[PDB]
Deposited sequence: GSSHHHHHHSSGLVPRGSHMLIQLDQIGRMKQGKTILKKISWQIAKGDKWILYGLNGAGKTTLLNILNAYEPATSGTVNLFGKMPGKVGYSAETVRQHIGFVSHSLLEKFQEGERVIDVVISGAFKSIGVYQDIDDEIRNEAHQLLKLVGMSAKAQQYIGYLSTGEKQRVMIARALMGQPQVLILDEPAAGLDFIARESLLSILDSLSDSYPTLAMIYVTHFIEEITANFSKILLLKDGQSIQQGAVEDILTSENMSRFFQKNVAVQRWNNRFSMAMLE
């Protein structure tokens, strides 16, 4: 059931502490929010999970593999959606081909077509990715990420730049994917609790490279807890199965 286990891991660079005493367990079916301000160390933590950067201390177990092993193998278990990857594609590539590249035969092409249906992008399968909105491109990237049959889908601020309609479209797709793939784990990295859907039930609060709280979203996301987290008076409400947060 366990996919990723970090036990009291640390990350240092040039004498500076980047991450400190992080313990994190990600199991099949888990839907996690990774939350923190800009500068909190979220990206460094993702670099550890994706095996781009090593922990300097603690123990890292990625899908049964520990350093001391190959990063390439670890990454075959992970579907990673980030802004850097959206830019590796060129205007003139067809959507279907961009998805295919996430894996060529009739079954691989069929797998790409089914995933496009799941992300609501079937009508634009033959289109040049150049013609798509940012929202549409992010959904294509999600289908591409799922092609390599991963055990964890990691979304690094996937709703950045999206308006309300585009954001909710993407969020609804994640709810759909979770229905089709119950055992798929997801990590959704964000600065805005307004993006947290009922599907995402677990949260890790990251501040200055440290895990402050982790557990159930419903227990952790409170005015009291977020006020402590920020050291500023904030109000949190759950209303219509979504969260809002007001600075007071």
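Participant: Comparing the deposited sequence against the modelled residues, what ranges come up empty for C-alpha?
Facilitator: Counting from residue 1, the stretches without coordinates are 1 to 18, 87 to 89, 125 to 133, 279.
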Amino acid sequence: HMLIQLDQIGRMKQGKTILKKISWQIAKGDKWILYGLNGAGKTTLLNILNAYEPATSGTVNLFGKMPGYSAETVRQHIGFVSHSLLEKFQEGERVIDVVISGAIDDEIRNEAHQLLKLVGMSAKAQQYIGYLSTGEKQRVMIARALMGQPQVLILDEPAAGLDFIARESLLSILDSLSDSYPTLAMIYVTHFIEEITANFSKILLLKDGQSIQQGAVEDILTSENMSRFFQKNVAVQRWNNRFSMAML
From here on, numbers count along this sequence of modelled residues.
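Participant: If you take the mean CA temperature factor per stretch, which one wins between 139 to 147 and 104 to 112?
Facilitator: Averaging CA B-factors over each stretch, the winner is 104 to 112.
Participant: On average, are the C-alpha B-factors higher in 129 to 137 or in 78 to 86?
Facilitator: Higher of the two, by average CA B-factor, is 78 to 86.
Participant: Going by what the PDB entry lists, where does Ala51 fall on CA B-factor within its chain: lowest, middle or highest third?
Facilitator: Tercile = middle for this residue's CA B-factor.
Participant: Could you tell me which third, lowest, middle or highest, the C-alpha B-factor of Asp30 occupies within its chain?
Facilitator: Middle third by C-alpha B-factor.
Participant: Where does the C-alpha B-factor of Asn225 rank in its chain, lowest, middle or highest third?
Facilitator: As the PDB entry reports it, the C-alpha B-factor of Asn225 lands in the lowest third of its chain.
Participant: Lowest, middle or highest third: where is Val189 by Cα B-factor in its chain?
Facilitator: Answer is middle: the recorded C-alpha B-factor places it there.
Participant: Pull the Cα B-factor of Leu177 out of the PDB entry and bin it into the chain's lowest, middle or highest third.
Facilitator: It falls in the top third of the chain.
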